[PDB]
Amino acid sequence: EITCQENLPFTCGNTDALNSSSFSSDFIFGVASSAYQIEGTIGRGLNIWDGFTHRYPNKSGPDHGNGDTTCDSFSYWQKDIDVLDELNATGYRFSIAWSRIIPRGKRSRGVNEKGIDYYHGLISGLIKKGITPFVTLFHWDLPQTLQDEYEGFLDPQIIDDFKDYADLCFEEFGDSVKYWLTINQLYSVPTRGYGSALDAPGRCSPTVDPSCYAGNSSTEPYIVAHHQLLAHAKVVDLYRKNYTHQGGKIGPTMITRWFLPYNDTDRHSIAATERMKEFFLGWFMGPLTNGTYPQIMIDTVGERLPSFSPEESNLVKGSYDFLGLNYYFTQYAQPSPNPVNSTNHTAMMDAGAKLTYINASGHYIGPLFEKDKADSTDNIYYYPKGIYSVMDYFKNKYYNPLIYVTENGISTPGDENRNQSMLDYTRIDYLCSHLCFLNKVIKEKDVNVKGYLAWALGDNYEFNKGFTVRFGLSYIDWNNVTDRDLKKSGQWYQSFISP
């Protein structure tokens, strides 16, 4: 019987009690990163994260930081491999920058052979240290040219351009890469990029944010979500029909959260909780497992929800070998109105739920996850048992999928100094508490989870936050980015992996 803690103080930092041997022998342990966040713009074309962060610098982060140079993994990719080698990691999730290998977006316009060689060298270096690559084709960094030609994922033209890009990656790297991710966190771009305009490309309704250059927060999230599923399923079909000889697997990435009722004896809050599961996970998991959106979405969203043709439904249904599940936290849900006729209506209001970290009796769900200095009532809190609840739900609701945990981690403030930054005990507590529950859910519920990749390998540019928060297991000095030095967390993870 496995007992895991839910509240501070935790004791899972002790490698005598929890380590890699607690898990099956073939289980993969590593870390993750993304191209915009770590490489720098040297050697690549421009993408919508470059566009968004330069056009709307106060949305890039409070320091106006961006990915122009960041930790310079373009130059220091060998140092990333060295961190992984130090950890004795068996996996590394990284993304390919579309704009580094096809700067002009559409593959018929030509490829950047030097950009292809950059990834060849990385992949070869990983494999030579025994590290299995998990490669994300699209981690939000769409070539700027495609957004300007047709508004990227807002248009169905994106399916064929994404397909041709994916084909080039499979042709070039698939002899060595056996685990591919298509689109990072399907829920994110639609909602933050086209609903709230917190993320690139920064579209939304005029009264939601007057700085959006265009958009409609009520309709566009649904259009983008739909084209994301079609483009993902087209690439999966391509992979499975034309690259089956490479012996690899492919899947989407979901951002996952667990949801609990704000008031667990109030039927209205209980209903809002179940609505949240459908609108946040089922929006994509319904199409991925059944080829249709959830009935509550069909009913509520009405004419604003696109339909799949029979051919598209068949293409999208079952379009995964595995699921990359990212997990960070859990929210309480209570009812909220859905004012569809308001000019500031957003797709996110369709779920009819208001999300908090404090329930109706004043209980905070768990330890502090992220402090919000502008508004402290907006602090985010974590909940280690949520990873257990998510995994169990995916096995039970979504046909017992093979799962890899593709992201899991916590930030510490960028205002801390080096020493404080290195002594990141809050990060050991977060990582170990979630690893305990993950082991518990694998053993108790038999969820087919086969790996775990913590967010992040090193400090990087954080979407929306600049360099004001740090997520790395390895520290990077922004005045001289060459080195990546294991933090207390990285050292702890090293001993968890090789106890």
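Numbers follow the displayed sequence, beginning with 1.
*Asks:* Look up the CA B-factors in the entry and say which stretch, 345-353 or 409-417, has the higher mean.
*Replies:* Mean C-alpha B-factor is greater for 409-417.
*Asks:* Per the entry, where is the mean C-alpha temperature factor higher: 424-432 or 372-380?
*Replies:* Comparing 424-432 with 372-380, the higher average CA B-factor belongs to 372-380.
*Asks:* Quick one: which of 148, 164, 86, 199 shows the highest Cα temperature factor in the PDB entry?
*Replies:* Of the options given, 86 has the highest CA B-factor in the PDB entry.
*Asks:* Which of these has the highest Cα B-factor in the record: 363, 139, 226, 100?
*Replies:* Highest CA B-factor of the listed options: 363.
*Asks:* By its CA B factor, does residue 313 count among the lowest, middle or highest third of the modelled residues in the chain?
*Replies:* Top third by C-alpha B-factor.
*Asks:* Split into thirds by Cα B-factor across the chain's modelled residues, where does residue 444 land: lowest, middle or highest?
*Replies:* Highest third.
*Asks:* For residue 459, return the chain-relative third of its C-alpha B-factor as stated in the PDB record: lowest, middle or highest.
*Replies:* Tercile = middle for this residue's CA B-factor.
*Asks:* Could you tell me which third, lowest, middle or highest, the C-alpha B-factor of residue 157 occupies within its chain?
*Replies:* Answer is middle: the recorded C-alpha B-factor places it there.
*Asks:* Which third, lowest, middle or highest, does the CA B-factor of residue 469 fall in along this chain?
*Replies:* Top third by C-alpha B-factor.
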